[PDB]
Amino acid sequence: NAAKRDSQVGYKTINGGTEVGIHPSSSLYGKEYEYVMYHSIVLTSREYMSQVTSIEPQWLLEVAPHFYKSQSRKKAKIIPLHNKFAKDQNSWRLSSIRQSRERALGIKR
RNA sequence: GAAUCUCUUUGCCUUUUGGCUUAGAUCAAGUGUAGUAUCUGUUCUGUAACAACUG
C-alpha cells in the first residue's frame with residue numbers, strides 16, 4: 001500500500017492507479033512528500049488515506065524486489081496551458097480549423 | 001582537261017529564345033450535381049470452249 005504523488009491529480013496508487021487523498025486530520029496534510037505509504041484507505045465521497053508517512057523509493061526497492069523492479073510513458077499525452085479567452089481548448093487544432101471551415105462553407109461529411 | 005547523277009568532311013544556319021519593376025506579387029485544404037478530358041478490363045475472327053448471225 002504505497003502512493004506516488006502526481007502533480008495533476010494529486011496521488012496515484014501503485015496498484016491500479018486510484019486517485020486518493022490525504023485526510024486533513026492527519027499530520028501530513030499541509031505538507032507533501034512524493035512517495036508515501038498509507039496504513040488504511042476509505043471509500044467515501046472522496047478517497048482518504050490514513051497514517052501516511054514519507055518514504056523513499058530506495059527502500060521500496062531494497063525491501064521488495066519481488067513485487068516489481070516503458071509503456072505508460074508511451075501511452076501518455078499532454079494538453080497546453082489553459083486560457084479563459086478561447087472558450088474551447090481544442091479550437092487551436094488543425095482538425096478543428098478544418099471542421100469550422102467545412103461547417104461555415106456548409107458541406108457535410 | 002571537261003560535263004551529268006550521287007555521298008563525305010569544310011563554309012553557310014537558313015522556322016535557329018523580340019522590354020521594364022518589389023525573382024512584378026500572392027497561393028495551390030471546400031460537398032453535391034453536371035459538362036469536358038483519358039484509362040483499364042473481357043470475348044470473336046460466274047468463267048471457258050464449240051455450233052449461228054454481224055446489226
# chains A, B, ... in the order shown; residues from 1 in each chain; ligands from 1
>>> closest_atom_pairs(of="chain A", to="chain B", cutoff="12 Å", atoms="only C-alpha atoms (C1' of nucleotides)", output="JSON lines")
{"residue": "A:94", "atom": "CA", "partner": "B:29", "partner_atom": "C1'", "distance": 10.2}
{"residue": "A:95", "atom": "CA", "partner": "B:29", "partner_atom": "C1'", "distance": 10.7}
{"residue": "A:97", "atom": "CA", "partner": "B:29", "partner_atom": "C1'", "distance": 10.2}
{"residue": "A:98", "atom": "CA", "partner": "B:29", "partner_atom": "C1'", "distance": 7.6}
{"residue": "A:99", "atom": "CA", "partner": "B:29", "partner_atom": "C1'", "distance": 10.8}
{"residue": "A:100", "atom": "CA", "partner": "B:30", "partner_atom": "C1'", "distance": 11.5}
{"residue": "A:101", "atom": "CA", "partner": "B:30", "partner_atom": "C1'", "distance": 8.1}
{"residue": "A:102", "atom": "CA", "partner": "B:30", "partner_atom": "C1'", "distance": 6.7}
{"residue": "A:103", "atom": "CA", "partner": "B:30", "partner_atom": "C1'", "distance": 9.9}
{"residue": "A:104", "atom": "CA", "partner": "B:30", "partner_atom": "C1'", "distance": 9.9}
{"residue": "A:105", "atom": "CA", "partner": "B:30", "partner_atom": "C1'", "distance": 6.9}
{"residue": "A:106", "atom": "CA", "partner": "B:31", "partner_atom": "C1'", "distance": 7.8}
{"residue": "A:107", "atom": "CA", "partner": "B:31", "partner_atom": "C1'", "distance": 4.6}
{"residue": "A:108", "atom": "CA", "partner": "B:31", "partner_atom": "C1'", "distance": 6.4}
{"residue": "A:109", "atom": "CA", "partner": "B:31", "partner_atom": "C1'", "distance": 7.7}
>>> write_last_selection(atoms="N, CA, C and O atoms", output="PDB file, in the first residue's frame")
ATOM      1  N   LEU A  94      -5.614  21.801 -35.980  1.00  0.00           N
ATOM      2  CA  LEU A  94      -5.827  21.903 -37.414  1.00  0.00           C
ATOM      3  C   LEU A  94      -7.077  21.133 -37.810  1.00  0.00           C
ATOM      4  O   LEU A  94      -7.734  21.453 -38.808  1.00  0.00           O
ATOM      5  N   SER A  95      -7.439  20.132 -37.009  1.00  0.00           N
ATOM      6  CA  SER A  95      -8.680  19.410 -37.242  1.00  0.00           C
ATOM      7  C   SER A  95      -9.882  20.285 -36.931  1.00  0.00           C
ATOM      8  O   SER A  95     -10.876  20.264 -37.662  1.00  0.00           O
ATOM      9  N   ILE A  97      -9.902  23.632 -37.007  1.00  0.00           N
ATOM     10  CA  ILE A  97      -9.934  24.663 -38.041  1.00  0.00           C
ATOM     11  C   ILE A  97     -10.518  24.108 -39.333  1.00  0.00           C
ATOM     12  O   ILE A  97     -11.325  24.772 -39.999  1.00  0.00           O
ATOM     13  N   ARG A  98     -10.166  22.864 -39.673  1.00  0.00           N
ATOM     14  CA  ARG A  98     -10.776  22.188 -40.816  1.00  0.00           C
ATOM     15  C   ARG A  98     -12.282  22.024 -40.645  1.00  0.00           C
ATOM     16  O   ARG A  98     -13.050  22.284 -41.579  1.00  0.00           O
ATOM     17  N   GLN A  99     -12.721  21.615 -39.452  1.00  0.00           N
ATOM     18  CA  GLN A  99     -14.146  21.411 -39.213  1.00  0.00           C
ATOM     19  C   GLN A  99     -14.914  22.725 -39.228  1.00  0.00           C
ATOM     20  O   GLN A  99     -16.026  22.786 -39.758  1.00  0.00           O
ATOM     21  N   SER A 100     -14.336  23.790 -38.668  1.00  0.00           N
ATOM     22  CA  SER A 100     -15.007  25.086 -38.671  1.00  0.00           C
ATOM     23  C   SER A 100     -15.092  25.654 -40.076  1.00  0.00           C
ATOM     24  O   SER A 100     -16.109  26.253 -40.448  1.00  0.00           O
ATOM     25  N   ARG A 101     -14.061  25.422 -40.888  1.00  0.00           N
ATOM     26  CA  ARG A 101     -14.108  25.828 -42.284  1.00  0.00           C
ATOM     27  C   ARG A 101     -15.184  25.074 -43.049  1.00  0.00           C
ATOM     28  O   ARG A 101     -15.968  25.678 -43.789  1.00  0.00           O
ATOM     29  N   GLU A 102     -15.267  23.757 -42.853  1.00  0.00           N
ATOM     30  CA  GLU A 102     -16.214  22.978 -43.642  1.00  0.00           C
ATOM     31  C   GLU A 102     -17.636  23.130 -43.108  1.00  0.00           C
ATOM     32  O   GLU A 102     -18.603  22.812 -43.805  1.00  0.00           O
ATOM     33  N   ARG A 103     -17.789  23.621 -41.876  1.00  0.00           N
ATOM     34  CA  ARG A 103     -19.122  23.956 -41.387  1.00  0.00           C
ATOM     35  C   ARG A 103     -19.567  25.326 -41.869  1.00  0.00           C
ATOM     36  O   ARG A 103     -20.752  25.533 -42.145  1.00  0.00           O
ATOM     37  N   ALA A 104     -18.640  26.284 -41.948  1.00  0.00           N
ATOM     38  CA  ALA A 104     -19.007  27.609 -42.434  1.00  0.00           C
ATOM     39  C   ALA A 104     -19.311  27.587 -43.922  1.00  0.00           C
ATOM     40  O   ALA A 104     -20.216  28.284 -44.387  1.00  0.00           O
ATOM     41  N   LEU A 105     -18.584  26.764 -44.683  1.00  0.00           N
ATOM     42  CA  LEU A 105     -18.892  26.608 -46.101  1.00  0.00           C
ATOM     43  C   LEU A 105     -20.191  25.840 -46.304  1.00  0.00           C
ATOM     44  O   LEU A 105     -20.831  25.958 -47.355  1.00  0.00           O
ATOM     45  N   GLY A 106     -20.589  25.041 -45.320  1.00  0.00           N
ATOM     46  CA  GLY A 106     -21.857  24.353 -45.354  1.00  0.00           C
ATOM     47  C   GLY A 106     -21.825  22.957 -45.926  1.00  0.00           C
ATOM     48  O   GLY A 106     -22.889  22.419 -46.244  1.00  0.00           O
ATOM     49  N   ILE A 107     -20.649  22.353 -46.081  1.00  0.00           N
ATOM     50  CA  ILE A 107     -20.599  20.967 -46.527  1.00  0.00           C
ATOM     51  C   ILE A 107     -20.794  20.062 -45.324  1.00  0.00           C
ATOM     52  O   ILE A 107     -20.789  20.518 -44.173  1.00  0.00           O
ATOM     53  N   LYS A 108     -20.979  18.773 -45.578  1.00  0.00           N
ATOM     54  CA  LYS A 108     -21.127  17.800 -44.509  1.00  0.00           C
ATOM     55  C   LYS A 108     -20.517  16.474 -44.929  1.00  0.00           C
ATOM     56  O   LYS A 108     -20.849  15.942 -45.993  1.00  0.00           O
ATOM     57  N   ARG A 109     -19.622  15.956 -44.095  1.00  0.00           N
ATOM     58  CA  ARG A 109     -19.049  14.632 -44.282  1.00  0.00           C
ATOM     59  C   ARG A 109     -19.755  13.616 -43.397  1.00  0.00           C
ATOM     60  O   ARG A 109     -20.321  13.974 -42.365  1.00  0.00           O
TER      61      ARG A 109
END
>>> select_by_dssp(residues="chain A", states="strand (DSSP E)", output="PyMOL selection string")
chain A and resi 2-6+10-13+35-42+48-55
>>> write_last_selection(atoms="N, CA, C and O atoms", output="compact mmCIF listing (two decimals), in the first residue's frame")
# COMPACT_ATOMS: atom_id res chain seq x y z
N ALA A 2 1.23 1.72 -1.19
CA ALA A 2 2.08 2.89 -1.35
C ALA A 2 1.46 3.80 -2.40
O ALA A 2 0.55 3.41 -3.14
N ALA A 3 1.95 5.04 -2.46
CA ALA A 3 1.37 6.06 -3.32
C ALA A 3 2.45 6.92 -3.95
O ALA A 3 3.50 7.17 -3.35
N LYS A 4 2.16 7.39 -5.17
CA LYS A 4 3.05 8.26 -5.92
C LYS A 4 2.34 9.59 -6.13
O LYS A 4 1.20 9.61 -6.60
N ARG A 5 3.00 10.68 -5.78
CA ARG A 5 2.39 12.00 -5.87
C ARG A 5 2.45 12.49 -7.31
O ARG A 5 3.53 12.82 -7.82
N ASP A 6 1.30 12.56 -7.96
CA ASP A 6 1.18 13.09 -9.31
C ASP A 6 0.77 14.55 -9.22
O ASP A 6 -0.05 14.92 -8.37
N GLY A 10 -2.93 14.74 -7.96
CA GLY A 10 -2.64 14.57 -6.55
C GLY A 10 -1.88 13.30 -6.21
O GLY A 10 -0.67 13.34 -6.03
N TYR A 11 -2.57 12.16 -6.15
CA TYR A 11 -1.90 10.92 -5.77
C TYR A 11 -2.48 9.74 -6.53
O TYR A 11 -3.70 9.57 -6.60
N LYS A 12 -1.59 8.92 -7.07
CA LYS A 12 -1.96 7.68 -7.73
C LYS A 12 -1.55 6.52 -6.84
O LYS A 12 -0.56 6.61 -6.10
N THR A 13 -2.32 5.44 -6.89
CA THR A 13 -1.90 4.22 -6.21
C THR A 13 -0.92 3.45 -7.08
O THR A 13 -0.98 3.49 -8.31
N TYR A 35 6.72 10.09 -2.48
CA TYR A 35 6.36 8.69 -2.30
C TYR A 35 5.97 8.48 -0.85
O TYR A 35 6.76 8.76 0.06
N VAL A 36 4.73 8.04 -0.63
CA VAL A 36 4.22 7.77 0.70
C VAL A 36 3.50 6.43 0.70
O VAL A 36 2.99 5.97 -0.32
N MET A 37 3.48 5.81 1.88
CA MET A 37 2.72 4.59 2.11
C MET A 37 1.64 4.88 3.14
O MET A 37 1.83 5.70 4.04
N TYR A 38 0.49 4.25 2.97
CA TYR A 38 -0.69 4.52 3.78
C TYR A 38 -1.09 3.26 4.51
O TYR A 38 -1.06 2.17 3.93
N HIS A 39 -1.46 3.40 5.78
CA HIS A 39 -1.94 2.23 6.52
C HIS A 39 -3.34 1.83 6.07
O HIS A 39 -3.58 0.67 5.74
N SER A 40 -4.28 2.78 6.05
CA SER A 40 -5.62 2.39 5.64
C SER A 40 -6.16 3.37 4.61
O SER A 40 -5.59 4.44 4.39
N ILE A 41 -7.28 3.00 4.00
CA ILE A 41 -7.87 3.73 2.89
C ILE A 41 -9.39 3.54 2.94
O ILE A 41 -9.87 2.44 3.23
N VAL A 42 -10.13 4.63 2.75
CA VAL A 42 -11.57 4.63 2.97
C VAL A 42 -12.27 5.16 1.72
O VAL A 42 -11.99 6.28 1.28
N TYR A 48 -9.71 8.63 1.08
CA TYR A 48 -8.83 9.16 2.10
C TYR A 48 -7.86 8.08 2.54
O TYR A 48 -8.24 6.93 2.79
N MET A 49 -6.59 8.47 2.62
CA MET A 49 -5.53 7.65 3.18
C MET A 49 -5.38 8.00 4.65
O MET A 49 -5.64 9.14 5.05
N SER A 50 -4.97 7.02 5.46
CA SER A 50 -4.79 7.23 6.88
C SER A 50 -3.50 6.59 7.36
O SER A 50 -3.15 5.47 6.94
N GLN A 51 -2.84 7.30 8.29
CA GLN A 51 -1.49 7.02 8.81
C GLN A 51 -0.45 7.02 7.69
O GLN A 51 0.12 5.99 7.34
N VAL A 52 -0.20 8.21 7.14
CA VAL A 52 0.63 8.37 5.96
C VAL A 52 2.02 8.83 6.35
O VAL A 52 2.19 9.85 7.03
N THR A 53 3.04 8.11 5.91
CA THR A 53 4.42 8.51 6.19
C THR A 53 5.19 8.71 4.90
O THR A 53 4.94 8.03 3.91
N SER A 54 6.14 9.64 4.95
CA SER A 54 7.10 9.82 3.88
C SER A 54 7.93 8.57 3.68
O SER A 54 8.27 7.88 4.65
N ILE A 55 8.28 8.27 2.43
CA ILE A 55 9.08 7.10 2.14
C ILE A 55 9.95 7.39 0.92
O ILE A 55 9.66 8.31 0.16
>>> residues_around(residues="residue 89 in chain A", least_positions_apart="4", cutoff="9 Å", atoms="only C-alpha atoms (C1' of nucleotides)", output="number ranges by chain")
A: 79-80, 82-83, 93
>>> write_last_selection(atoms="N, CA, C and O atoms", output="PDB file, in the first residue's frame")
ATOM      1  N   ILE A  79      -1.588  18.321 -22.879  1.00  0.00           N
ATOM      2  CA  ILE A  79      -2.509  19.345 -23.369  1.00  0.00           C
ATOM      3  C   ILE A  79      -1.922  20.699 -22.993  1.00  0.00           C
ATOM      4  O   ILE A  79      -1.233  20.791 -21.969  1.00  0.00           O
ATOM      5  N   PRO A  80      -2.147  21.765 -23.764  1.00  0.00           N
ATOM      6  CA  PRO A  80      -1.483  23.036 -23.461  1.00  0.00           C
ATOM      7  C   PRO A  80      -2.050  23.710 -22.224  1.00  0.00           C
ATOM      8  O   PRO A  80      -2.957  23.197 -21.567  1.00  0.00           O
ATOM      9  N   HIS A  82      -4.110  26.363 -19.976  1.00  0.00           N
ATOM     10  CA  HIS A  82      -5.490  26.780 -20.167  1.00  0.00           C
ATOM     11  C   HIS A  82      -5.591  28.295 -20.230  1.00  0.00           C
ATOM     12  O   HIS A  82      -4.961  29.009 -19.449  1.00  0.00           O
ATOM     13  N   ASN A  83      -6.390  28.783 -21.173  1.00  0.00           N
ATOM     14  CA  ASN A  83      -6.711  30.198 -21.285  1.00  0.00           C
ATOM     15  C   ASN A  83      -8.211  30.383 -21.125  1.00  0.00           C
ATOM     16  O   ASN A  83      -8.987  29.472 -21.430  1.00  0.00           O
ATOM     17  N   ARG A  93      -6.521  23.571 -32.917  1.00  0.00           N
ATOM     18  CA  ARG A  93      -6.050  22.424 -33.687  1.00  0.00           C
ATOM     19  C   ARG A  93      -6.279  22.618 -35.173  1.00  0.00           C
ATOM     20  O   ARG A  93      -7.042  23.485 -35.593  1.00  0.00           O
TER      21      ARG A  93
END
>>> select_by_dssp(residues="chain A", states="helix (DSSP H, G or I)", output="PDB file with N, CA and C atoms, in the first residue's frame")
ATOM      1  N   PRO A  57      12.051   5.754  -2.555  1.00  0.00           N
ATOM      2  CA  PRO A  57      11.950   4.592  -3.460  1.00  0.00           C
ATOM      3  C   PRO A  57      13.117   3.625  -3.366  1.00  0.00           C
ATOM      4  N   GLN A  58      14.243   4.045  -2.780  1.00  0.00           N
ATOM      5  CA  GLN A  58      15.327   3.111  -2.487  1.00  0.00           C
ATOM      6  C   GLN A  58      14.861   2.031  -1.524  1.00  0.00           C
ATOM      7  N   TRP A  59      14.064   2.418  -0.532  1.00  0.00           N
ATOM      8  CA  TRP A  59      13.596   1.467   0.466  1.00  0.00           C
ATOM      9  C   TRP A  59      12.548   0.536  -0.125  1.00  0.00           C
ATOM     10  N   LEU A  60      11.701   1.076  -1.005  1.00  0.00           N
ATOM     11  CA  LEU A  60      10.659   0.282  -1.644  1.00  0.00           C
ATOM     12  C   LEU A  60      11.240  -0.698  -2.657  1.00  0.00           C
ATOM     13  N   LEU A  61      12.458  -0.441  -3.135  1.00  0.00           N
ATOM     14  CA  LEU A  61      13.130  -1.415  -3.990  1.00  0.00           C
ATOM     15  C   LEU A  61      13.884  -2.448  -3.165  1.00  0.00           C
ATOM     16  N   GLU A  62      14.651  -1.994  -2.166  1.00  0.00           N
ATOM     17  CA  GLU A  62      15.520  -2.907  -1.428  1.00  0.00           C
ATOM     18  C   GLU A  62      14.724  -3.835  -0.522  1.00  0.00           C
ATOM     19  N   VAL A  63      13.499  -3.452  -0.171  1.00  0.00           N
ATOM     20  CA  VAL A  63      12.658  -4.376   0.575  1.00  0.00           C
ATOM     21  C   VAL A  63      11.978  -5.377  -0.349  1.00  0.00           C
ATOM     22  N   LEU A  94      -5.614  21.801 -35.980  1.00  0.00           N
ATOM     23  CA  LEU A  94      -5.827  21.903 -37.414  1.00  0.00           C
ATOM     24  C   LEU A  94      -7.077  21.133 -37.810  1.00  0.00           C
ATOM     25  N   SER A  95      -7.439  20.132 -37.009  1.00  0.00           N
ATOM     26  CA  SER A  95      -8.680  19.410 -37.242  1.00  0.00           C
ATOM     27  C   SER A  95      -9.882  20.285 -36.931  1.00  0.00           C
ATOM     28  N   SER A  96      -9.797  21.097 -35.880  1.00  0.00           N
ATOM     29  CA  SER A  96     -10.919  21.959 -35.542  1.00  0.00           C
ATOM     30  C   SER A  96     -11.033  23.133 -36.504  1.00  0.00           C
ATOM     31  N   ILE A  97      -9.902  23.632 -37.007  1.00  0.00           N
ATOM     32  CA  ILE A  97      -9.934  24.663 -38.041  1.00  0.00           C
ATOM     33  C   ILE A  97     -10.518  24.108 -39.333  1.00  0.00           C
ATOM     34  N   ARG A  98     -10.166  22.864 -39.673  1.00  0.00           N
ATOM     35  CA  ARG A  98     -10.776  22.188 -40.816  1.00  0.00           C
ATOM     36  C   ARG A  98     -12.282  22.024 -40.645  1.00  0.00           C
ATOM     37  N   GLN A  99     -12.721  21.615 -39.452  1.00  0.00           N
ATOM     38  CA  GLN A  99     -14.146  21.411 -39.213  1.00  0.00           C
ATOM     39  C   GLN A  99     -14.914  22.725 -39.228  1.00  0.00           C
ATOM     40  N   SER A 100     -14.336  23.790 -38.668  1.00  0.00           N
ATOM     41  CA  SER A 100     -15.007  25.086 -38.671  1.00  0.00           C
ATOM     42  C   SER A 100     -15.092  25.654 -40.076  1.00  0.00           C
ATOM     43  N   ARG A 101     -14.061  25.422 -40.888  1.00  0.00           N
ATOM     44  CA  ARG A 101     -14.108  25.828 -42.284  1.00  0.00           C
ATOM     45  C   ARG A 101     -15.184  25.074 -43.049  1.00  0.00           C
ATOM     46  N   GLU A 102     -15.267  23.757 -42.853  1.00  0.00           N
ATOM     47  CA  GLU A 102     -16.214  22.978 -43.642  1.00  0.00           C
ATOM     48  C   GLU A 102     -17.636  23.130 -43.108  1.00  0.00           C
ATOM     49  N   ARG A 103     -17.789  23.621 -41.876  1.00  0.00           N
ATOM     50  CA  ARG A 103     -19.122  23.956 -41.387  1.00  0.00           C
ATOM     51  C   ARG A 103     -19.567  25.326 -41.869  1.00  0.00           C
ATOM     52  N   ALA A 104     -18.640  26.284 -41.948  1.00  0.00           N
ATOM     53  CA  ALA A 104     -19.007  27.609 -42.434  1.00  0.00           C
ATOM     54  C   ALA A 104     -19.311  27.587 -43.922  1.00  0.00           C
TER      55      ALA A 104
END
